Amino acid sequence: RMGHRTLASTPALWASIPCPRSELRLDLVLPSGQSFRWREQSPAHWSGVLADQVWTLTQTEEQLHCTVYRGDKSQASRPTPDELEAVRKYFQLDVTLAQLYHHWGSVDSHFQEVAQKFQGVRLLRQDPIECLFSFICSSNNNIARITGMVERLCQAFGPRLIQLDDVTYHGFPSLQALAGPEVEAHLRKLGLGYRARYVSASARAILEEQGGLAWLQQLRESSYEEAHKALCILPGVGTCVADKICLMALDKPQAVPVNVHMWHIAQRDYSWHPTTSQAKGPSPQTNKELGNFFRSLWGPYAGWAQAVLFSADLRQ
């Protein structure tokens, strides 16, 4: 009845999705800087907001186990087939990770070695507004801090959903909320630092200059090139943040976010250096060259392979 559910404590309220560990490891996907919305509130059980409801997820060897908290309006019950489809879409489970790992390991002997220890790193398919603003909060920052900033943002500006134990979950804020008066100041007091202004300015820029939510949503059907360029108009969004949004919310599997983590990987594990620029270190030209190097290496799902090596780089 009370508290976050576990598979043992409320057996009747879980449904499953067939899903081998080769296809998904929650512990390597959820806390690794794709989504900041999930916490392991009981060992091996991950809770967070997915498609505007709270869920807890946990896995056995062949199954992803899902439970959904709706309110108070009904009465607790197992997830419905439609609700389970939402989970499948968020994890993009139609994409067969074992196939991609095989392809990348065949063209890249170092990937093949890492892959063996880091199975099941796949990419979530995120809502565009939640992805956009969360990655705006991510620049020049670390995942533990970013996670708290996002939580406090949703608490202050998003709709309350439900409370489990002492944890209240909220939906991601709308553009309207984020574009409202005095939002920057309130975000400063929530510890967002200089990105407080970027969040307010992009929410306004989007509603009042770009065409609203439709402008962002329609980038899903635009080309990578067009989507990336569109996104860099926004305050706090440079090439790397834009790439993260392209990859993680706008269905551009070839997008490769290039930052110092990716330079470390490139130099340590590929002995890479820039060819077509004079600069020895990160710059707009050298970062652009590095992203192209990863696409040439891995092919059209290069940003997915980048997510495997990035998740591995965090486990130091």
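Residue numbers here begin at 1 and follow the sequence given.
Between the stretches 26-34 and 56-64, it is 56-64 that shows the larger average CA temperature factor.
Of the two stretches examined, 147-155 and 203-211, the record assigns the greater average C-alpha temperature factor to 203-211.
Per the PDB entry, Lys280 shows the highest C-alpha temperature factor of the residues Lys252, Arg268, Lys280, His261. Based on the entry's C-alpha B-factors, the most elevated value among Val241, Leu161, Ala115, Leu97 belongs to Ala115. Sort the chain's modelled residues by C-alpha temperature factor and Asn292 lands in the middle third, per the entry. Ranked within its chain, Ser138 lands in the middle third, by CA B factor from the PDB record. The entry lists a Cα temperature factor for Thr275 that places it in the highest third of the chain's modelled residues.
Compared with the other modelled residues of the chain, the Cα B-factor recorded for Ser47 ranks in the lowest third. Among all modelled residues in its chain, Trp304 ranks in the lowest third by Cα B-factor.
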